[PDB]
Every structure is written in structure tokens, then in C-alpha cells.
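Peer 1: Residue numbers (PDB author numbering), protein chains in the order written: chain g, 2 to 32, 42 to 90, 97 to 118; chain e, 1 to 112, 159 to 302; chain c, 1 to 111; chain b, 57 to 172, 193 to 213; chain d, 193 to 327, 331 to 371, 385 to 411, 423 to 481, 493 to 583, 590 to 623, 628 to 653, 657 to 683. Ideal Cβ placement from N, Cα and C applies to all residues, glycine included.
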Amino acid sequence: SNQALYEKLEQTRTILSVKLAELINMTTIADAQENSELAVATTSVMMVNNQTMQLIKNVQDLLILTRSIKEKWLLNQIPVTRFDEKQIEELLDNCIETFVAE
Amino acid sequence: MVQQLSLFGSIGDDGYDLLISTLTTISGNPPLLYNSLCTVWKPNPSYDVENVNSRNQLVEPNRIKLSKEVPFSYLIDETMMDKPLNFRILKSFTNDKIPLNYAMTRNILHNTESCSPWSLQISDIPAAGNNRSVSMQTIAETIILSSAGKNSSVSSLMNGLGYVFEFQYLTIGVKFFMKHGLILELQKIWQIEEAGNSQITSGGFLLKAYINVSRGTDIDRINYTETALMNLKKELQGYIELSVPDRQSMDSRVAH
Amino acid sequence: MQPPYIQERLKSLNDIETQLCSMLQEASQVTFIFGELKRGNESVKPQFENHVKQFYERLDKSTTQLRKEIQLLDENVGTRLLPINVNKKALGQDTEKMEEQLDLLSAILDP
Amino acid sequence: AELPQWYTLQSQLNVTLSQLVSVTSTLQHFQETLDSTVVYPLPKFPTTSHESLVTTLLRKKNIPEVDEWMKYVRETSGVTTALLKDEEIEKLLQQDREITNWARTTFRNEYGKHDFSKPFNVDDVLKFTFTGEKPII
Amino acid sequence: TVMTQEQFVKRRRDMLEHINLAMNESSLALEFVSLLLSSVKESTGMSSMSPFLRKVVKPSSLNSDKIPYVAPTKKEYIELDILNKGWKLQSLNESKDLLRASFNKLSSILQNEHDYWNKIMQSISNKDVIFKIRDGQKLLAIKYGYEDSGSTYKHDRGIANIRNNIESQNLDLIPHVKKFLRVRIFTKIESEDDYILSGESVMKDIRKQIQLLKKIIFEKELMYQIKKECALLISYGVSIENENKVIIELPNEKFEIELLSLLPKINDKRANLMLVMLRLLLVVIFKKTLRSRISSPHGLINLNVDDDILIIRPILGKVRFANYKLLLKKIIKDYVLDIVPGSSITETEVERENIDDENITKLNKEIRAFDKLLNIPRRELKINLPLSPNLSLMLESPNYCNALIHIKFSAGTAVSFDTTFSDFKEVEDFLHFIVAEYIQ
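Written out as C-alpha cells, the structure reads:
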């Protein structure tokens, strides 16, 4: 479990580090190559419907990982007088003496 | 005739307190400090014996051991009266230095009238059937309540049986009576000798998780206790390794 | 109340969560200001540079913080955590109830 | 009436998007020799009782929604053709491409600035406790 | 924001219609390209056809021919480029709006979660135990039961689900009604009539709620063990009325231990004292059971009623022994002090009375602290006489509701008696014989 969080955070980080950069990068106009309206339409739908909410799933997975390790920190903790016997006996004797009322 | 289904393991001295906390969480019972002086007696070499017994079956000579609880006043080195008797005492016992020297054990054995209670145990080699995942051993046990007479000393009494003293050892540890009648010991072992005490478990604790079953023919009870022991190995899996020790190590018979 | 190491880990994880929430603020700001500089505006160029460099450095800070948080979780597995998974037991509640009832007796007997 | 759990449907959406980008990659990589092939029906096709079948079979006039949204997109670009001369559009697109190059090299240098046990033997101890042999070290 | 069922089904239907149109356009495109394929191949295109289409039109009915290669003009190049720029700008604006809305949602969710975690920290100490639980969602449940702290009560384990209430700004425990048990002391007037009450016992935040839940389960366990004990005391005027209220009948008083949900009287103090006796005796049972579980491998899994409960037996035996001592004093006065010319009845309490470890010794001293309440009430009553006759009466109750009189008598004018009685008329006529035979 705790080993999987390492590569999970690693892969989320390494796709967040390049995804916005490639989002800006592929908006390149040239006569990659978009010789028709179809390439323009599919790029302008794939950016919104493939990059932005995949960033949303990235930060949501990061939220899930942080919540999981927070719960792991909370739950897995290792666990770490005033009245002496004579005083308890005196209190009990006085209390019985008052309660019976002989 | 008690069958002893047991598992064994080892920890370092540094991981002692973490294991105490872990087994306190698992058991729900606090650790209890315990000690026992075990004196092992071998048959007299000057006596010519027979391989057969009163029956026509062959019998090997076996060392037998007596044990009793030494009071903890004999094990405190005039530094730990303020510290209460709990699991924290074993953190101090690291070197060979134990207040129980050889002379005090000889005073215990020679009783220098009536003797303290002892526990005579005879154990054979564990079973060789390679279908059991725990070390199953048979222990013949009796309780010596007292003694009297001009030779009331347990050394002379054991010489009366034909048995001579071979060696003795002192073990101090903490134990957990867990759920389903499982006892989990965590003990140091010191050998008591005339040349000086020797810590056998040097810088570490010997771990013993055993269940005692009275009837060896109750295969349902044996399997129930074996499943309990494998369960306990499963919660402790990864942290500490519990395994069946070699049967040649647990053979108490006299070799020749 | 709770160990201060738990306080450090709790507050650091909450800080990580807020930092990765503001990740989305600054990503939205980057795409916003890129949209305005695609309209022909050029005065928003240094603010766009500020937003992208802030984006990358806050990504680095959040990822390094989470990485050392996972390191501290995997390091304190013996120091202040259980090395195995086991449900703990509520111990000593009987002593607390005894102390409560004896305090009640001390209240009732002596006015 | 009951939706599947969201990860499976998200995977379906992603694989459909990948399938369509494969479709347009195949079509755009074979852009020419597909502009050059015009389709006409054959006499074997029923063009009297089933010409309604073929008129919505070769149609390139798309649905009104996509091109009304396309014309809405056209006017929101901030620059048009009807009141600007064509070389002004050419130089505006050229400087926009230069701005894309500057932005992607800004992203590139900002990305490249940063980085992306056993104390004893149990058997020997037990052999001591059962036999008396000292643990040899 | 809030979204409704009709809005949900409207959105479902409109996305369903849009995807219907999507598959329709894609299917006509595929069916067209396979129709044109079947002209030249006839093998692979026939697989993706529609049966109705093959019914209405035969394949190989389309043909294509090559128009010459043409270089596209720059006018539609710049048209496509400006449309590309517009599409990119519109996509960027849509992405900005999506990211802003998702940030607002995430910020509200993170504020709620951080408030929850701060409430968890300021609410839960490390002494408490929490574990995950399913409904199938993850919920943190705190174990407040006494079953791992000495109790043997499998009917109701103390498990409470911790829930976050943002409106209340506090954590509320849902047990996975406030009924505290109270006692009533009913005195009897000196006319052998109906009992009138003379006294009765007295009747937010996270830690207060945990303490209240522990108190509730403790009172429920106490009432359960009281009800289990009363069946052994049915012969001594102890009746179970309605499985939540028991009554103790006495010749001059009446105790009503009732478990119920929801001005200074004379016996209110004694009622409060009796209530704390009941709670402390249950604590003593918990300590004894914990000692048995700690000091033995098997432990006490179940409680034997006549041996391990001892809740109403000691506190009933105190007042029962007080009544017995009053009766014995009256009998001794009438049959000796009204007869002899001066003697004093003197009462003296008589008493009779390894595993070295901090936990075991602490448990032993905690249990022995309550020994003066838990033990059998015993008292030796000795009367002096003019000289040389010696007479003593050791009154005890080996069963807590019983009565044994161990009278010992000797005289110098010789005789020596050591006899035990289980009743009081035997004491009466025995003393009447003794005074006339030896004192008179």
C-alpha cells in the first residue's frame, strides 16, 4: 500500500509537469498539421475534454492520496494516581457509616 | 501429558519496547514480568544403565530439568528499587551482569530444611511428521511441592534418582496471556557458571509463542490451537518471523 | 490532546491540499491570460510569465512536500506507528470510572 | 436507469476520444488522394424509389448547429476578413505563431529550470537450553 | 449548488438524445464508406452493412473517379487559420470557466474537510481508539465500550459513528435515548401501611458526548447485571418488576432500582450513596474480571452469578445486617440487661486475612481497597458480667442476606458452649435458659 503511493504521486507529478505545457504547445498554426477543419475541431474538443479534467482527476487523486495518508497517520498511532488505598478505605468507611446511619 | 505447540522467533534489543506496545495492542493485556531458574540434570555417567527399560522397549538417556520462580529481590542490583516491577526492567539487563551468581544458586539448590516448590519437566524430541506447521513437543511435567529429611536438599534428592547436575540457566522475560489461551513469552536467557554468568541471548530477546494442550489425542483441539498459532504468525508476519526451530535443537537426550 | 508531531503532519497535509487547490487557480489564470494575449494584447506578457513560473514552483513545492510526507509516514512506522495493522483496545476505562465515582463520593460526603 | 460507476464510463469516454483522434489522424495523413476522388451513384442503385436514400448519403452540408456554432466562433476570434485586407491577416497570424513560439519556449525553460537484524541464532539458543552446548560465535 | 431529480432526468435525456444523434451520424458515415467499399472489394464491407439496407439496395452501386490533383489556395488557408484561432480561443475560454468552477467546488470541499480534520484533532485524544467502518462508505467509529476494559457484555458493544455536522460546527456521535438508572428509597410509616418516598438519587460537546455514551452503556450493563443477580435473591424480598426496575423489600424501608429515561428529601443522600455503591461494585467486577484475564491464560469469559456479581448482595447485606444487629441488641437487652443488675453489650469488629508485577499488584490493591464493602459483614458482640461467666455472640452472614449467630458461653460456677444458630428465637430461648441456669 505505502509503496504504491510513491509511484502514484510520481506519475501524477510527471503528468502535471508536462500536461499544461503540451496543452499550450499543440496550439500551433501551420500550413502538428491541420490542413482541414476536422483537425481544428478535434483539437479544440480534445483539449477541453481530455486535458483540463484530466488535471482535475490528477488533483483529485492527489486529494485522495493525502486523505489516505492522513487517515493512516491518525489511526496507526501507538498508544502511550490521585486516590491511595488508605484514602479509599477511609472514604468507604465514612460513606458506609453515613449510609447505614446506625 | 501436555503437548506443547510452540513457535519461536528473535528480536533485537532496540525493538523490544515497540514489540511490547504492539503485543499490548494485539492482546489487550499488559505485559507481566516473570523469571524462572532452570536447572538441567543429566543421568549419572558413573552408573551403568540399560538401553531397555522395565518394558522391553529401548529408552535413550534424557536430561530432565527443574524450574522455580526466583524472587525478584535476588535479581535487582541495588539500583532498581525505585523503578517498579514491570516490562521496563528488561531494558537494563543487557550485559552479563546479573545479581544471581553461582553461589546463590548453590544456596538455593542445597537449601542452606523444607524446600521451595519446583517443577520437574521431561521433554522428548518434537515430532518428525512434516504435516504440522508448528513445533509440537511432548512435556512430562510434575510439581515437587516440598521436601524434608537429612538430605532434603534438591541436589541430593536428584542424586537419589540417579541424576547429576550438568548446567543451569536463568531466564527473565515478559509474557502475554493472549486470547484463546495462547501464552507469548519474550525472554532473555543467562547461563549461570562458576567462571561467571553468560548472556546466551546476547543483545536480543528470545521469543516463544506456545499453547499447552492436555490431551494429545484431541485432534480437533490440536488443529484449533495450530490455526490460532498460524493466525498469530499471520498478524506478526512481515514485522517478526516466527518459525519452527530445528528438532535437533530441542532434543534434550544425552548423546553418545 | 494529540502529539505535536501529528499536528505538524496534519497542518502540512492541509497546506498541501490548499496548495494543490491553488494549483487550479493559477492554471485557470494561465489559460485565461493566454486567451487574452491571443486576442492581440501584449501588456499581459510579464503577468503571464509570473503565472507560469508561479505554477511550476508551486507544483514543485506541493510535490516535494507530499514526497517528504510519505517519507515521514514510511519512516516513523516503528517510532510512533504500528508496524502492522491491528485495531487498538480501549484500556484503563475502569480506572477512570473508579476515579469518577470516588470523586463523586468525595463530593457527596463532604459538602 | 442506473449509471455505471464513474471510472468505467470515464475510460469509455477517453477511449472514444482516442478512437476519434485516430480517425482524424488517419484521414488527415491521407488528406490528398481523398480530395481527388468524387463519388457518384451507379445505375444499379435505385434512383427513383430510393433517391431519398442517396441524397442524405453523399451530403457534405452538415447540421445547422455545428456551423452556427462555427460562425459564432468565427466572430469571437476578434479578427475577421470582411473589413481587413488579406496580408494584414497573414502578418497577424504570423505574429500569433511567433507568440505561440515564445509561450512554448517560456514553458520549456520554466519546465527545464526545475527537476522532474538477527542478534543470535534461535536454534543454537534452544540447543543450549535443551543440551547445554554454548552458542559458538 | 443544488440539483433536482427532474433536472437530473432532463440532463440524462438531453445527453441521450445528443449521443443518439452522434451514433446516427457516425453510423451513416460508416455505412456510406462501406457501401463505397463494396464496389471494389465486396468482402469486408458487407460485414458492417445493415440488413434493412441490404434488403432495400444491392451493394456495388456506387463509383468514384479521380479529379486531378489540385493545390489548395491561400484564401481558404487563411480562412482555416483564422477559424483555427477562433476555435482555440473559444476552447481556452471554456477551459478557464471549467477550471474556475472546479476550483470553487474543490475549495468549498477542502474547507469542509479541513474543518472536519481540525474538529477531529481538537475532539479526539490519542487515548481514544478509532477504526474505519462501512455502511459502504468510510466512516470513523470510536469504541467507547468497556468490554476490553474488564466488562463481559456482548449484548451491546460500545461503538459510535463519528459524523461531521458543518451546521452545528461540532462532531456528533451516532451509536452504531438518555436512560440513566436511579434509585428510590421508600420509607414505611409506623402503622404497617403503604410506602412513602423519603429520598431518590439525582437525575453539546464531543468529550461530553463520549462521556455520556460511556455512562449510558455503563448504566445499561449495571441494570443487566442487577437483573441477573435478583433471580438469586427472589427468596429475600427482591423482585424484578418489568426487566428495567427491581425492588428491594425491607421490614422498614424499600429500595427501587429503576432504569428509566427522562424538593430536598431526607434520604436523598443515602440514595446517591447507594447509586455510587452500585457503580463502584460494577467497577469492582470489571477489575476482578480484568485480573482474571491478565493473570490467567483462559480468563473469565462469563460471569458466574453467585460468585462474580455481588452487586446488590453487599449493599443489601449492610442494611440487613444493621437490622439483624438491632434485633440482636434488643434480644440481648431484654433477656440479659433487663435481668442482670448492670451489664454492657460491647460490639467489636473481628477480622482475619509470588506474583510481583506492577499491573497485578495495582489490580490487587485496587480490589482490596473495596474489601471493606465487598466482604461478609461480621461483628462479635460481647457482654461483660459481674464475677466468672464469659458470654460472646459473633453475628455473621456467610450468605449476604442470611443470618448466623455463633454464641459462645462459659462459666466458672465448668460449662463451655460454642453453638451456631440460623434464627433468632433459638437465640431467645437459649439466652433465657443461660441467664436463669448460670447468671441467676
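Between which two residues does the beta strand (DSSP E) containing b:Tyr96 stretch?
Peer 2: Locating residue 96 of chain b in the fourth sequence gives position 40, where the first residue counts as 1. 93-97 is the span of the beta strand (DSSP E), which, as asked, contains b:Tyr96.
Peer 1: If I measure Cβ to Cβ from d:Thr347 and keep anything under 8 Å in the same chain, skipping five residues before and after, which residues do I get?
Peer 2: What you label residue 347 of chain d is simply residue 152 of the fifth sequence in a count that begins at 1. If we look at d:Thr347 and ignore the five residues flanking it on each side, its Cβ neighbours are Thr519, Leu530, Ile531, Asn532, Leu533.
Peer 1: Quick one: what's got a C-beta closer than 8 Å to d:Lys495's C-beta in the same chain, skipping five residues either side?
Peer 2: Position 265 of the fifth sequence, counted from the start, is the residue given in the question as residue 495 of chain d. Contacts found: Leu405, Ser406, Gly407, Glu408.
Peer 1: Kindly indicate if chain e contains any beta-carbon less than 9 Å away from that of residue 36 of chain g.
Peer 2: Shown without residue 36 of chain g, the model has chain g running from 32 straight on to 42.
Peer 1: Does DSSP classify e:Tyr47 as helix, strand or coil?
Peer 2: Locating residue 47 of chain e in the second sequence gives position 47, where the first residue counts as 1. Coil at e:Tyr47, not helix or strand.
Peer 1: Here's a check: name, in chain order, each residue in its chain whose Cβ is nearer than 6 Å to the Cβ of d:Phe660, leaving out the five neighbours to either side.
Peer 2: Position 417 of the fifth sequence, counted from the first residue, corresponds to residue 660 of chain d. Answer for d:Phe660: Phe649, listed in chain order.
Peer 1: Could you pull out every residue in the same chain whose Cβ sits closer than 7 Å to the Cβ of e:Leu191, ignoring the five residues on either side in sequence?
Peer 2: Walking along the second sequence from the start, residue 191 of chain e turns up at place 145. For e:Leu191, where only same-chain residues beyond five positions count, the Cβ hits under 7 Å are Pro163.
Peer 1: Identify every residue that forms a DSSP beta bridge with e:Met182.
Peer 2: The residue labelled residue 182 of chain e in the question sits at position 136 within the second sequence. Answer by DSSP bridge pairing, in chain order: e:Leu5.
Peer 1: Identify every residue that forms a DSSP beta bridge with d:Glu477.
Peer 2: As a working note, residue 477 of chain d is residue 258 in the fifth sequence. Looking at the DSSP assignment, d:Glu477 forms a beta bridge with d:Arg390, d:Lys464.
Peer 1: Check whether the Cβ atoms of d:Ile569 and d:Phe667 lie closer than 9 Å to each other.
Peer 2: The count along the fifth sequence starts at 1 and reaches residue 569 of chain d at position 339. The count along the fifth sequence starts at 1 and reaches residue 667 of chain d at position 424. Cβ atoms of d:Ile569 and d:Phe667: not closer than 9 Å.
Peer 1: Is b:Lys169 near the ligand NAD, with its Cβ less than 8 Å from a heavy atom?
Peer 2: No copy of the ligand NAD occurs in the structure displayed, which carries no ligand at all.
Peer 1: Of all the CB atoms in chain b, is at least one closer than 9 Å to the CB of d:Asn255?
Peer 2: Along the fifth sequence, read from residue 1 onward, the residue named residue 255 of chain d stands at position 63. For d:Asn255, the answer is yes, since a Cβ of chain b falls inside 9 Å of its Cβ.
Peer 1: b:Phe204 versus chain e: which residues are under 8 Å apart at the beta carbon?
Peer 2: By one-based count along the fourth sequence, residue 204 of chain b stands at place 128. Under the 8 Å cutoff, chain e gives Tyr215, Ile235, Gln237, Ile246.
Peer 1: What do you reckon, are the CB atoms on e:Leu207 and e:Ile235 nearer than 9 Å?
Peer 2: As a first step, residue 207 of chain e is located in the second sequence; it is residue number 161 there, counting from the start. As a first step, residue 235 of chain e is located in the second sequence; it is residue number 189 there, counting from the start. Not a contact, by the Cβ cut-off of 9 Å.
Peer 1: Can you tell me the Cα-Cα spacing of b:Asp200 and e:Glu69, whole angstroms?
Peer 2: Against the fourth sequence, residue 200 of chain b aligns to sequence position 124. Against the second sequence, residue 69 of chain e aligns to sequence position 69. If you take the alpha carbons of b:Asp200 and e:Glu69, they lie about 25 Å apart.
Peer 1: Near c:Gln101, which residues of its chain fall below 6 Å by C-beta distance, leaving aside the five closest residues on each side in sequence?
Peer 2: Taking the third sequence and counting its residues from 1, the one referred to as residue 101 of chain c is at position 101. Correct list: empty, nothing qualifies.
Peer 1: Helix, strand or coil for b:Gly134, going by three-state DSSP, please let me know.
Peer 2: As a working note, residue 134 of chain b is residue 78 in the fourth sequence. Correct three-state label for b:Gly134: coil.
Peer 1: DSSP three-state label for d:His350, please.
Peer 2: One-based indexing of the fifth sequence puts residue 350 of chain d at position 155. Looking at d:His350 - three-state DSSP - the assignment turns out to be coil, as it is neither helix nor strand.
Peer 1: For a contact defined as C-beta to C-beta under 7 Å, what are the partners of d:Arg523 on chain e?
Peer 2: Taking the fifth sequence and counting its residues from 1, the one referred to as residue 523 of chain d is at position 293. The contacting residues are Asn29.
Peer 1: Just checking: is the beta-carbon of b:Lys100 within a distance shorter than 9 Å of some beta-carbon in chain d?
Peer 2: Within the fourth sequence, residue 100 of chain b is the residue found at index 44, counting from 1. Output row for b:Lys100: interface = yes.
Peer 1: Strictly below 8 Å CB to CB, what residues from chain b border g:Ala49?
Peer 2: Counting from 1 along the first sequence, the entry for residue 49 of chain g is found at position 39. Those within 8 Å of g:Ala49 in chain b are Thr80, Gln84.
Peer 1: In chain b, which residues lie less than 8 Å from c:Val52 when you measure between Cβ atoms?
Peer 2: The residue given as residue 52 of chain c occupies position 52 in the third sequence. Chain b residues near c:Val52: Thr162, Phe163, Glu166.
Peer 1: With a 10 Å radius around its C-beta and 16 neighbouring C-beta atoms as the bar for buried, classify d:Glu602 as buried or exposed.
Peer 2: For the purposes of this step, residue 602 of chain d is taken as residue 366 along the fifth sequence, with counting starting at 1. Classification of d:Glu602: buried, given that the 10 Å Cβ count is 16 or more.
Peer 1: Can you pull the chain g residues whose beta carbon is under 7 Å from the beta carbon of d:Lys559, in chain order?
Peer 2: As a first step, residue 559 of chain d is located in the fifth sequence; it is residue number 329 there, counting from the start. Correct list: empty, because the minimum Cβ distance to chain g is about 10 Å.
Peer 1: Assuming the contact rule is C-beta atoms closer than 8 Å, e:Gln3 and e:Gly262 should be a hit. Round their C-beta distance to whole Å, please.
Peer 2: Translated into positions along the second sequence, residue 3 of chain e becomes position 3. Translated into positions along the second sequence, residue 262 of chain e becomes position 216. That belief holds up - the Cβ atoms of e:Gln3 and e:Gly262 are roughly 4 Å apart, short of 8 Å.
Peer 1: Is it true that the CB of c:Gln7 sits closer than 9 Å to the CB of d:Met507?
Peer 2: The sequence position of residue 507 of chain d within the fifth sequence is 277, counting from 1. The sequence position of residue 7 of chain c within the third sequence is 7, counting from 1. The answer is no: Cβ separation not under 9 Å.
Peer 1: Measure how close the beta-carbons of c:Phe32 and d:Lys288 come, nearest whole angstrom, since I'm counting them as under 8 Å.
Peer 2: Looking up residue 32 of chain c in the third sequence gives position 32. Looking up residue 288 of chain d in the fifth sequence gives position 96. Indeed, because the Cβ distance is near 5 Å, the residues count as touching under 8 Å.
Peer 1: Take e:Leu33 and list the residues in its own chain whose beta-carbon comes closer than 7 Å to its own, dropping the five residues that flank it on each side.
Peer 2: Residue numbering aside, residue 33 of chain e sits at position 33 when the second sequence is read from its first letter. Excluding sequence neighbours, e:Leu33 sits near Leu85, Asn86, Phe87, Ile89, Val220.
Peer 1: Which residues, in order along the stretch 20-52 of chain c, keep a beta-carbon less than 9 Å from a beta-carbon of chain b?
Peer 2: Cβ contacts with chain b come from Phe34, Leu37, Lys38, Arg39, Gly40, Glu42, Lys45, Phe48, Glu49, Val52.
Peer 1: Give me the residue from e:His302, e:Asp297, e:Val290 with the minimum Cα distance to e:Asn177.
Peer 2: The residue given as residue 177 of chain e occupies position 131 in the second sequence. The shortest Cα separation from e:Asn177 among e:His302, e:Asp297, e:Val290 belongs to e:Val290.
Peer 1: Just to confirm before moving on: does the CB-CB distance between d:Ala651 and d:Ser628 stay below 9 Å?
Peer 2: As a working mapping, residue 651 of chain d is identified with position 411 in the fifth sequence. As a working mapping, residue 628 of chain d is identified with position 388 in the fifth sequence. Yes.
Peer 1: Can you tell me which of d:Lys618, d:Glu305, d:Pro243, d:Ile476 puts its alpha carbon nearest to the alpha carbon of d:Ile541?
Peer 2: Within the fifth sequence, the letter at position 311 stands for residue 541 of chain d. Taking only the C-alpha atoms, the option nearest d:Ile541 is d:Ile476.
Peer 1: List in chain order: all unbroken beta strand (DSSP E) runs of 3+ residues lying wholly within the stretch 60-122 of chain b.
Peer 2: Entirely contained in the stretch 60-122 of chain b, the beta strand (DSSP E) runs reaching 3 residues are, in chain order, 93-97.
Peer 1: Across the stretch 426-433 of chain d and the stretch 332-352 of chain d, are there enough close Cβ pairs to call them in contact, namely three or more that are closer than 8 Å?
Peer 2: Cβ pair count under 8 Å is three or more, so yes.
Peer 1: Who are d:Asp367's beta bridge partners in DSSP?
Peer 2: Taking the fifth sequence and counting its residues from 1, one reaches residue 367 of chain d at position 172. Per DSSP, d:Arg358.
Peer 1: Between the C-alpha atoms of d:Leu556 and d:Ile596, what's the straight-line distance to the nearest angstrom?
Peer 2: Start at 1 with the first residue of the fifth sequence, and residue 556 of chain d comes out as number 326. Start at 1 with the first residue of the fifth sequence, and residue 596 of chain d comes out as number 360. C-alpha separation (whole angstroms): 40 Å.
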